[PDB]
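>>> generate a structure from the sequence data that follows.
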Amino acid sequence: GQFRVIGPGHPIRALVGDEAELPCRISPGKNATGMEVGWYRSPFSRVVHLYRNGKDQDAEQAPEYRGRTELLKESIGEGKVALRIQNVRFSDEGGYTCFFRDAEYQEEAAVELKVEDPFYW
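Numbers count the residues shown, from 1 in each chain. What follows is the structure:
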């Protein structure tokens, strides 16, 4: 085996109508720009976002995420990425799984999203 994939040890907190950033990275950090990086949605494992061969693969993500997601690559050269989901809604709450795949090697990490409507604060 090679690297492990890890996410934050806390849930991500987002507000309805705003953006949420779900981070994940490989450890130890190394260049992931050339790897396949993906995010899937619990519990049917629908694809939230898939990056491969240096491109976001719009056609491979589930229809509902089209136009709502971006993979932030600022730190991908150091093995870290963040899935940015726009216009968050309560239905986005829950579990997500991130994965980094290098050739035949792949690892994953679980990320949880909590959502609140600030109007009701």
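>>> now stretch 52-69: buried residues?
Buried residues in stretch 52-69, counting neighbours by 16 or more other C-beta atoms under 10 Å, are found at 56, 61, 65, 68-69. All C-beta spots, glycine's among them, are computed from the backbone N, C-alpha and C.
>>> what's the closest of the residues you listed to residue 50?
Of all the buried residues of stretch 52-69, residue 50 sits closest to residue 61, with 5.9 Å by C-beta to C-beta.
>>> and stretch 15-31, which residues are buried?
By 16+ other C-beta under 10 Å, the buried positions in stretch 15-31 come out as 20, 22-26.
>>> likewise for stretch 113-121?
Residues of stretch 113-121 classed as buried: 113, 115 (neighbour count, 16+ other C-beta under 10 Å).
>>> what about that stretch, distance to the chain center?
With C-alpha atoms, centre = their mean, to the nearest Å as the basis, stretch 113-121 stands 21 Å off its chain's centre.
>>> the protein: strands as residue ranges?
Shown for the chain, the strands assigned by DSSP state E span residues 4-6, 12-15, 20-27, 36-41, 46-52, 55-56, 69-72, 80-85, 94-102, 105-116.
>>> sheet-wise, list the partners of the first one with their directions.
Strand 4-6 has these partner strands in its sheet, going by DSSP bridges: strand 20-27 (antiparallel).
>>> so who does the residue most central in space within the chain touch?
Geometric centre of the chain, nearest residue: residue 83, 3.8 Å, by C-alpha atoms, centre = their mean. Contacts for residue 83 (C-beta atoms under 8 Å, 6 or more residues apart in numbering) come out as 21-24, 39, 48-49, 69-72, 96, 98.
>>> 10 Å instead?
Residues in contact with residue 83, defined by C-beta atoms under 10 Å, 6 or more residues apart in numbering, are 12, 20-24, 37-39, 48-49, 51, 65, 69-72, 96, 98, 111, 113.
>>> tell me what the residue nearest to residue 60 when sequence neighbours are not counted is bridged to.
Closest residue in space to residue 60, ignoring its immediate chain neighbours: residue 50 at 4.7 Å, by C-beta to C-beta, 6 or more residues apart in numbering. Taking DSSP bridges as the rule, residue 50 bridges to residue 38.
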